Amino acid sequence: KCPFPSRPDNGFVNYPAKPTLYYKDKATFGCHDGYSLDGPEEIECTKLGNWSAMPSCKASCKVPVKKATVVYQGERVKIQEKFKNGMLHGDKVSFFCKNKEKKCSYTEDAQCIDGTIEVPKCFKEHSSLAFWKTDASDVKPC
């Protein structure tokens, strides 16, 4: 015997329609808009009497700045364009930062994790109004 697995938060679950689920019986998961599955989509019930896993639904992220060039999968892009529809949990990007000492730039990664993506501390976004200031993404790389 296995119990009925609970619907994951911000998602849903499906299983055979029947009084009791015994073993080798399957359950199955999906998520609402703005979330994505973190774990296997299907799950077996096991010999020991418990469920082979328990996936959750992890939230997507608002792009956390109005404008930035970042590296994604090895390629410079504009975060606003590339992720106009938000960021999936697990999506990793790289913001540019200035080493003012050696007058060059370097990158630091940030990841969407369940709705929060923490932009790095070294990163300063500049309005296009502050035209005297220079985007780290244009400084020669260290």
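One-based numbering along the sequence shown.
K.L.:
37 to 45 versus 69 to 77: which one carries the higher mean Cα B factor per the record?
P.N.:
The deposited B-factors put 37 to 45 ahead on the C-alpha mean.
K.L.:
Using only C-alpha atoms and the B-factors in the entry, which stretch averages higher, 125 to 133 or 18 to 26?
P.N.:
So the stretch with the higher mean C-alpha B-factor is 18 to 26.
K.L.:
Return the residue from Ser60, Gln111, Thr107, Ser52 that has the highest Cα B-factor in the entry.
P.N.:
Each of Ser60, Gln111, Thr107, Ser52 was compared by C-alpha B-factor; the highest is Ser52.
K.L.:
Going by the entry, which third of its chain does the Cα temperature factor of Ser94 land in?
P.N.:
Lowest third.
K.L.:
Rank-wise, by C-alpha B-factor, drop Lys103 into the lowest, middle or highest third of its chain.
P.N.:
It belongs to the middle third of the chain when residues are ordered by C-alpha B-factor.
K.L.:
According to the PDB entry, is the CA B factor of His32 in the bottom, middle or top third of its chain, that is, lowest, middle or highest?
P.N.:
Lowest third - that is where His32 ends up once the chain's C-alpha B-factors are sorted.
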